[PDB]
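A.B. asks: Attaching a single structure in structure tokens format; questions to follow.
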Amino acid sequence: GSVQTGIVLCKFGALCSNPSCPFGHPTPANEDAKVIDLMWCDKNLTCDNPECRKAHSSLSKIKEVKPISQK
Ligand SMILES: [Zn+2]
Ligand SMILES: [Zn+2]
């Protein structure tokens, strides 16, 4: 990478199909808060705030723990 930031935000976000994905997705309590903040949040996959807009692991962990097309 060109900068040592250590943070990446994903192409699909709340629509990402694999539950173990290491990149950045929105709060699981709301799919319509896009990611604007380039920071790893504190509750991650249990962040209950519907107005958060930070970086989390994949929503497929609470949504659909079974991948397809990525499998
Ligand atoms: Zn992803
Ligand atoms: Zn959060």
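When you number the sequence shown by the entry's author numbering, it's gap-free, plus one each residue, and the end is 401. Note that the Cβ used here is the ideal one computed from N, Cα and C, for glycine as well.
Tell me whether residue 344 sits in a helix, a strand or coil according to DSSP, three-state version.
C.D. replies: Three-state DSSP puts residue 344 in a helix.
A.B. asks: Quick check on residue 365: buried or exposed, where buried means 16 or more other Cβ atoms within 10 Å of its Cβ?
C.D. replies: Buried is the call here.
A.B. asks: May I ask which residues mark the beginning and end of the alpha helix (DSSP H) holding residue 390?
C.D. replies: Its alpha helix (DSSP H) spans residues 390-393.
A.B. asks: Taking contact to mean at least 3 C-beta pairs separated by less than 8 Å, is the stretch 352-368 in contact with the stretch 337-344?
C.D. replies: Touching, per the Cβ criterion.
A.B. asks: List the residues that DSSP assigns as beta-bridge partners of residue 385.
C.D. replies: DSSP lists 370 as partners of residue 385.
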